[PDB]
2 protein chains.
Amino acid sequence: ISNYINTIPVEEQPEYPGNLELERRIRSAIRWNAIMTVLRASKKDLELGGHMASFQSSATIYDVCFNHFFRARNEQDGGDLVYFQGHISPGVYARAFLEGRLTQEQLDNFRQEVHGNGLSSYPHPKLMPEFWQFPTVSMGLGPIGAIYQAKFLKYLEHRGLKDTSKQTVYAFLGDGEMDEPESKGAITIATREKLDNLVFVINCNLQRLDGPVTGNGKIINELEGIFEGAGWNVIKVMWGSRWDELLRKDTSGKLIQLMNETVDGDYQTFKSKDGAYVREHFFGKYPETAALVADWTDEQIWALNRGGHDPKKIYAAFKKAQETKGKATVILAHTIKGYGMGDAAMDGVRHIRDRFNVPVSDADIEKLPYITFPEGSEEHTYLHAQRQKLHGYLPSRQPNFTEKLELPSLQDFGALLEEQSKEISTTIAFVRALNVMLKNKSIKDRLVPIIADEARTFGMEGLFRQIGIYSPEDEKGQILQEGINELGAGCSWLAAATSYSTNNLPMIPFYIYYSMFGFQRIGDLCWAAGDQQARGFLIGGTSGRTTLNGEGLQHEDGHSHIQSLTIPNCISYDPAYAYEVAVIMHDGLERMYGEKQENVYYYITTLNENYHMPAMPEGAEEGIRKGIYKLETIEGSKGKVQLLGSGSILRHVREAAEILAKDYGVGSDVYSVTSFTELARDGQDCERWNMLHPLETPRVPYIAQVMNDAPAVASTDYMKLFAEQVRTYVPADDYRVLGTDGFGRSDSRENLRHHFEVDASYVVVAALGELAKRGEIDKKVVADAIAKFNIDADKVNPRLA
Amino acid sequence: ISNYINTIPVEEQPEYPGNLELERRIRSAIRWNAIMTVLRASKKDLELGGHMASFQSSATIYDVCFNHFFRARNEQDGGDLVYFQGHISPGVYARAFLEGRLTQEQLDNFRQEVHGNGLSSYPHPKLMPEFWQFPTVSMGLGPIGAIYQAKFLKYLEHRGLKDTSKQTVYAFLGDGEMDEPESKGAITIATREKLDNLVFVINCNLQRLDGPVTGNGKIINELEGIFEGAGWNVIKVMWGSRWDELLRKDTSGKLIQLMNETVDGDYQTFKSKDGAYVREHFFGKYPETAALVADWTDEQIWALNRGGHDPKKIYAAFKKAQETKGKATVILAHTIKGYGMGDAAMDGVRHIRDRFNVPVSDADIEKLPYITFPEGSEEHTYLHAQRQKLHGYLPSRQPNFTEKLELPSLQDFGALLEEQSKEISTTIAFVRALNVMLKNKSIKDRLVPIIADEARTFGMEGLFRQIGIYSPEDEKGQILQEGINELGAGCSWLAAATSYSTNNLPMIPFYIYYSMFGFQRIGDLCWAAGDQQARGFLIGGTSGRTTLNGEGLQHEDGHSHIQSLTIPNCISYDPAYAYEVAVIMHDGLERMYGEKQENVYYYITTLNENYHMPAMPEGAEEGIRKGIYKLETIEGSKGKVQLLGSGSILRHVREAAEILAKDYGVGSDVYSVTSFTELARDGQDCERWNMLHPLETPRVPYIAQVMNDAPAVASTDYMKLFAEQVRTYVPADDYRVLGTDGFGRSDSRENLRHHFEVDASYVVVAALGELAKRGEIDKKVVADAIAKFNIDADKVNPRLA
Ligand SMILES: Cc1ncc(Cn2c(C)c(CCOP(=O)(O)OP(=O)(O)O)sc2=O)c(N)n1
Ligand SMILES: Cc1ncc(Cn2c(C)c(CCOP(=O)(O)OP(=O)(O)O)sc2=O)c(N)n1
Ligand SMILES: [Mg+2]
Ligand SMILES: [Mg+2]
């Protein structure tokens, strides 16, 4: 940790290239418009919300960037990728409006979007697909997402995919936000990969929402110490030019000491006082210091500003960051929260109007008007001149990539559609589908297989020889290995899955990991990924509660599908067979990267268990994509039932169907449910349409179109709700659901399949139980089956076990 | 960072206190038994799994701690809290067996626990409630969990609740694991809080699972750099004692420069070779280094070992960490993964038996026999003698606290059961409930309110002046303010929620935060919390998709309940009224901290919306607990329906009921569903039991004992699956569910509840639609309602919007 003064001495500070006075004129109008936007929304009294004090402390930092650094998307690259602090959006909206990119009506619709012409509270690409790019309001996700974005940009270059060398990734963070584990949790990665195309701009106003980050300490010193220890280039922007001659004057080194020894809380207090308090309490600590401002009007004292408010001091830091190579730079900008708001952080409105010399007369001020710069005006000229010199305006977003990809047809996945000689798993099927894609000229180099240490478990190690491991194992390596870091890998996946828009270069990621450590461990990023319109594939390997049998409690995933079904634009599947994964993967590619360019991403759970893989029934394609199709019908004169299964459990309900037919003469319809969730979504859609169109003929849910009314039983490797979610749509009077509710534990697949009551014997007993209720069979026969199958009717509910 | 040598010089290292010779024998026996355990499970060929290489690399570190450092739970405190690395469990089981705490049958039942006498793969309290304490296999959770456990212990001491001053928290981590953002993302807090009762012990064998952590780097240096930069005391245990002379006679400084410049990849290459190789490639790099070992035989060179394998080196670091105050300490133990296993890294195991001079014949080697030390043997005496000196054996866990608390009665919350004066929200109701508790003499100081920055949003800023904010606002402050760090807040919550077991001091944490950042953001921690038998309350504030109306996409929670229902021992509630919040909180208090000592934790979503809070209907208590109760029935001569609601949407369902009655003559039964999830679970339990007891009297779902068969409609601020989850158990033929499926956006509550098709208007059209279908009313009546209510029957499905 260095002294509590700027990192760059004024002697090494470059000349500021802009018109300081004209820029302040433009900056003040933006400040005013930002405040009017939030104030106008406030007037509605609809509890709309919005922030003001934050952008007030960082406006000048953004201002210098928009005028002298931020490159907009251009013919060569997507420009600088700016991860704007989410809640300073009113300021971004204020500038866009001034640039004529947003209308007055839109600003008046701030935080009112449902009707079509409003603005989102925060950066939400899904809501404003041509404006916002990176979802940052969920603190912590911005810094790590940016780190991996910077890394992915380097990847594109090294692979020779695109020259991203002129792109800088900027993460604008708050100091309170750095407390999130994800904020500093991955910073050593920027050093490892020498990400000199990444700049962290932490706005150090010393306060978070309900108070100061560390009132008893020095947050800027803590930040410096850890980022410096992490090998980052640290630039502290502490004081404005006014301090320059003061420090130069101080030969006793007492100012540095006072500055160094004063704690956050104190500094924050001074800020709420007056020149008198400072000179007395601050400067009054030592005579040597008091004697510096001794000849200072208290108003001269109170005039000393924090470095984050001085453009000249801000410019030096960004110019230096821009020049630095070999590592990432973090700029710690010292600011005042609620800067120039005084009263805050109509009398207060008159205050900021005066404070920033805003061009609004006393006759207009009560109208809370927005300010605009006419064409031909000095301000209008400069505002656009600076941006044009920087390639245009940002934030901006292109929702669809321009190129046409020549995707592999399903036929190209032929070998997977046929019966397998060897017993394999859906994971081996996945790796094989990847290889089919690796032979496709058009997308072969666009594929981005991602791993988090474990490859062997997923039999991914065979790909290493064919495509290599990105290791700037060389800079041309194609597979991204992120180590034991599920969040970081999800971030690389997000960078690749949204590359089609950000860089207009579609990249198709395939991130495979232990399914349990998916939505459960990185769920907030998965939700933000949907916001970011990510188009890619998340592969939850070693899935199913009873299939990853030895690992136990914190590994056995019998619910990721319950977690995944909560994301609107995530398409989840739990295939049982290899031909299904091929059909599913092919459909995803087509939907997402085909001409449709559907803003959706895929989640496919795959297995680590091998078994016979039959050939795809002819014409089963549409059903597989839809989520269900009848596998076969079995004859039986004693009765009829329908049996549904998915994943590794389908194999077991299929065995229950043979037992039922053989030992009980009960026939059945066997269905492979590739997606209980897509089927649930379809039923809901039909029911909603029906409810909304009372005079129209009721639409029939696909699952209801596929199934009949015979008593049904379903079993899967997930908790019962996974299959229960389609109850409303099952056309049978009876629909029993077996599932793996309860905490996992270590044992053999067989022992677990019995414990969780999802094996063949339970399916048979469940099927028999319904026919018994119908009067088709004697209750005694089901009671004997329970006995016959060594089933403990009185063992604790697995959910409780 | 510092030189690549041991932090502690020999002249400063203390005399080893134990019998190294005897200790090696015992250690070798534990090494053997651990491998026999995993190998024996392997023989079963049931894909049970288990690891061996990892524990082989860290065995001596644990051995020195078990012999001279670890304090077992005792009469005064819970002893040292050790977060044992997850996959080295075979080594912990091997020692427990040698200590006579585990039987050979149990070891023989390693990873086969479904039947009663087996052992879990990893540390899982829920599965082995009296053995394991902290769930660590999900990497990253243990380090951050440990930091907040150390902080909580301090908290207990500052608040005067318990002198935890003699307890040390050890987090045994892997170097690969440190890549998880959660691993280093919060190390800065240990310095902030001066956690000199926290010791991070990172096993630096330089490799993850599928390779080195950073082959082209030095993770020990990286680790050292960031931890020291974060203010921690870092102690490096690099080289064994054989290096001392070499380093001491090397006056040129070349050996250090060589050690310093060598990257991890080459170091690892050295251990796969032999002495000759090292002599040429490592020492042969320079004439001065080559000369240090010129007099050595390739064997004497091959014998040079890593510090983490030398008891004397290990001991010095743990001892030194023991006298370090004012901050936490990180011990970087340098080891060899797959140590002593050589080749591997039946009879091929005879190599390790040779390697560690294991006392088992080459004829019995194939039998994979366990080693034990007979009562009276020098080894047996020393093993137990060392432990007794340290208060016994660990790990061990106590499932229930011993003291009896005098919990508040429901009557004590009487004011909350009456009709409320002003319009308040369920969050105000929650804070008021907390205050009732804070007046209880028995539990007032056992309460642990936890907030992540935001307090005023939840009106918690009012408890500050009352109970204070913990600051070691003083050190006796009760409220834990964890800033913008949801994971850290949940870790403090976890430490508190399980203090009843680890310290036999029941503490009752109430963590309130923006619901969206609960399970979605810290779900892996939440799952581990259930594994750790956590007893506390998680309060999801500003919950509901349409209720936190202005915030939008990344804040509007309409699915946290779908995530929370995936955890078996978490009880979820979505109350609409203040009296319900009181009954649920009282019930949870009694269930968890009452005589019942039920291992479950609660999840209550609360609102930021104010509306009329009615008086609790006499006798509604049990129904509120169970999940549903009839609020009232409204008369209607034209038809009848059932209307269900929860949270903030219930009042709109009641509004729909009046509309139906007043505008259409349709009567209804209105139900308040406090917990759709608990009703589903109950129904699932009923049908499961029914299926398993076919000859017996069928069990009726509680919801079927409340509802009747009139067409039903339900609406909640959550996606449709939240209410649809009870379909199977709803006794009505028609059951329409309205929900907030889809991404959130900014707008007014009114506009949002209409966009998400969940307001009174949609409930009325849904109910009327059901009657028209029954021929009960004209289809034109529903069509006109849709018109009357300005409903867009053809707008896009909110899920797709
Ligand atoms: C994960 C998460 N937690 C909490 C919040 C709530 N929140 C919080 C806690 C804010 C305080 C921001 O403090 P900061 O120091 O990061 O930045 P500023 O002081 O510059 O605003 S702004 C905001 O929306 C959030 N958006 N995301
Ligand atoms: C969150 C998470 N991700 C992945 C794994 C899988 N995993 C991984 C990736 C291991 C490698 C351990 O590497 P390490 O360096 O932390 O430890 P050792 O070298 O001492 O074994 S052990 C293991 O079970 C896990 N348990 N938890
Ligand atoms: Mg701040
Ligand atoms: Mg390792």
Side-chain angles (χ1 to χ4, degrees), chain A residues 49 51 53-58 85-88 121-122 136-142 172-180 182-183 202-213 219 333 335 337-338 452-454 457 483-487 489 513-514 516-517 520-522 524 542 551 554-555, chain B residues 49 51 53-58 85-88 121-122 136-142 172-180 182-183 202-210 212-213 219 335 337-338 452-454 457 483-487 489 513-514 516-517 520-522 524 542 551 554-555:
Chain A
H51 312 238
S54 200
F55 178 67
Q56 271 297 112
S57 69
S58 56
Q85 195 175 11
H87 52 299
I88 56 83
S121 51
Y122 316 119
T136 60
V137 254
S138 181
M139 330 258 77
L141 305 189
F172 279 79
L173 326 157
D175 39 4
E177 161 175 35
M178 301 315 293
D179 267 36
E180 291 284 15
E182 301 90 355
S183 287
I202 312 185
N203 182 5
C204 299
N205 49 30
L206 316 173
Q207 346 172 198
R208 31 180 168 72
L209 217 267
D210 285 39
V213 193
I219 197 61
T335 67
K337 200 164 200 188
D453 192 8
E454 285 279 37
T457 318
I484 322 188
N485 186 359
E486 279 78 16
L487 224 201
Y513 53 94
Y514 295 77
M516 180 66 110
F517 309 130
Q520 173 149 307
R521 178 71 170 255
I522 66 177
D524 211 22
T542 62
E551 295 306 290
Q554 287 184 282
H555 276 85
Chain B
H51 318 240
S54 186
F55 176 68
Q56 271 298 95
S57 75
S58 59
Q85 203 182 13
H87 54 294
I88 58 91
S121 44
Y122 317 113
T136 55
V137 238
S138 187
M139 339 249 63
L141 268 31
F172 279 75
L173 329 156
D175 39 2
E177 178 186 3
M178 301 316 288
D179 266 43
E180 293 288 10
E182 301 87 356
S183 293
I202 308 184
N203 187 1
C204 298
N205 45 31
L206 318 183
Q207 36 181 147
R208 302 157 340 213
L209 204 293
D210 247 273
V213 182
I219 26 93
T335 68
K337 193 151 186 185
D453 194 13
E454 251 79 324
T457 289
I484 315 172
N485 189 358
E486 280 81 16
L487 187 58
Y513 53 89
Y514 291 86
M516 183 76 104
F517 310 124
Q520 174 158 302
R521 177 69 165 260
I522 57 165
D524 212 25
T542 57
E551 296 304 293
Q554 282 179 286
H555 282 85

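Hydrogens, waters and symmetry mates are skipped; everything else that's a heavy atom, side chains included, is used. So that the names make sense, note that chain A is the first sequence line, chain B the second, and so on, each numbered from 1. Numbering of ligands and ligand atoms starts at 1, following listing order.
- Listed by chain and number, the residues in a ring-ring contact (aromatic ring centres under 6.0 Å, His included) with B:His555 are A:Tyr122, B:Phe517 (sequence neighbours excluded).
- Looking at B:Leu141 and B:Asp524, their side chains come closer than 4.5 Å, going by heavy atoms from C-beta outward.
- Judged as a ring-ring contact (aromatic ring centres under 6.0 Å, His included), and not counting sequence neighbours, A:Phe55 has no contacts.
- Considering B:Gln520, B:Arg521, B:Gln554 as possible partners of A:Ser138, the one that fulfils the side chain to side chain donor-acceptor pair (under 3.5 Å) test is B:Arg521.
- Between the side chains of B:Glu454 and B:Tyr514, a donor-acceptor pair is found at a separation under 3.5 Å.
- Note that the CG atom of A:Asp179 and the CZ atom of A:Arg208 stand 7.5 Å from one another [nearest 0.5 Å].
- When all heavy atoms are compared, the tightest approach of B:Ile88 to B:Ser54 is CG2-OG, 3.5 Å.
- The CD atom of B:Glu177 lies 8.5 Å from the CD1 atom of B:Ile202; values are rounded to the nearest 0.5 Å.
- Distances from the Mg ion (ligand 3) under 2.8 Å pick out these protein N/O/S atoms: A:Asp175 OD1, A:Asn205 OD1, A:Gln207 O.
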For ligand 2, list all ligand N or O to protein N or O distances below 3.5 Å, rounded to 0.1 Å.
{"from": "ligand 2", "atom 1": "3 (N)", "to": "A:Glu486", "atom 2": "OE2", "distance (Å)": "2.9"}
{"from": "ligand 2", "atom 1": "15 (O)", "to": "B:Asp175", "atom 2": "OD1", "distance (Å)": "2.9"}
{"from": "ligand 2", "atom 1": "15 (O)", "to": "B:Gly176", "atom 2": "N", "distance (Å)": "2.9"}
{"from": "ligand 2", "atom 1": "15 (O)", "to": "B:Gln207", "atom 2": "O", "distance (Å)": "3.2"}
{"from": "ligand 2", "atom 1": "16 (O)", "to": "B:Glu177", "atom 2": "N", "distance (Å)": "3.0"}
{"from": "ligand 2", "atom 1": "17 (O)", "to": "B:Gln85", "atom 2": "NE2", "distance (Å)": "3.3"}
{"from": "ligand 2", "atom 1": "19 (O)", "to": "B:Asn205", "atom 2": "OD1", "distance (Å)": "3.3"}
{"from": "ligand 2", "atom 1": "19 (O)", "to": "B:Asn205", "atom 2": "ND2", "distance (Å)": "3.2"}
{"from": "ligand 2", "atom 1": "19 (O)", "to": "B:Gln207", "atom 2": "O", "distance (Å)": "3.1"}
{"from": "ligand 2", "atom 1": "19 (O)", "to": "B:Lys337", "atom 2": "NZ", "distance (Å)": "2.8"}
{"from": "ligand 2", "atom 1": "20 (O)", "to": "B:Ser54", "atom 2": "OG", "distance (Å)": "2.9"}
{"from": "ligand 2", "atom 1": "20 (O)", "to": "B:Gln85", "atom 2": "NE2", "distance (Å)": "3.3"}
{"from": "ligand 2", "atom 1": "20 (O)", "to": "B:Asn205", "atom 2": "ND2", "distance (Å)": "3.4"}
{"from": "ligand 2", "atom 1": "21 (O)", "to": "B:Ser54", "atom 2": "OG", "distance (Å)": "2.9"}
{"from": "ligand 2", "atom 1": "21 (O)", "to": "B:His87", "atom 2": "NE2", "distance (Å)": "2.6"}
{"from": "ligand 2", "atom 1": "21 (O)", "to": "B:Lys337", "atom 2": "NZ", "distance (Å)": "3.1"}
{"from": "ligand 2", "atom 1": "26 (N)", "to": "B:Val137", "atom 2": "O", "distance (Å)": "2.7"}
{"from": "ligand 2", "atom 1": "27 (N)", "to": "B:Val137", "atom 2": "O", "distance (Å)": "3.2"}
{"from": "ligand 2", "atom 1": "27 (N)", "to": "B:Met139", "atom 2": "N", "distance (Å)": "3.2"}

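- Looking only at side-chain heavy atoms (C-beta outward), A:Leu173 and A:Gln85 stay at 4.5 Å or farther from each other.
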